[PDB]
């Protein structure tokens, strides 16, 4: 058939599938929510929100701000180029590694588009306990990266 011509390349459609769902989700909450406004789904556990991440977690590394936009965007470019080459070498039949590589590739490009087009990354998933603990907001692209990376760790056993 014609599937042997491309040779494990069509797995990129999983990566493309993640990018569109990540960008269509960020567009919704950015239009229905004010900044830091909450939509309570569970009165103590789960709520939608809207926050812009400028990389303040690593603000201890420099005497200024704004560099996180360019350094973190540069890292995703290098990692993305290595993944596609790694995916091409993957032999036919290694379904576990193929799906896993395509997951981290999509979530990396989604947040990359944010840092290059916008000045920040859009986060809308606020998980928390009542008031004693608040988990940092994330998005779908972070979910595809975390799930794909877990598959890599549990690969050879």
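Positions refer to the first chain, counted from 1.
For the pair 91 to 99 and 43 to 51, the record assigns the higher mean C-alpha temperature factor to 91 to 99.
Ranked against the other modelled residues of its chain, the C-alpha B-factor of residue 148 as given in the entry falls in the middle third.
Annotation for residue 21: C-alpha temperature factor in the highest third relative to the rest of the modelled chain, per the entry.
The PDB entry assigns residue 65 a C-alpha temperature factor belonging to the highest third of its chain's modelled residues. In the PDB entry, a CA B factor belonging to the middle third of its chain's modelled residues is recorded for residue 114. The PDB entry assigns residue 132 a C-alpha temperature factor belonging to the highest third of its chain's modelled residues.
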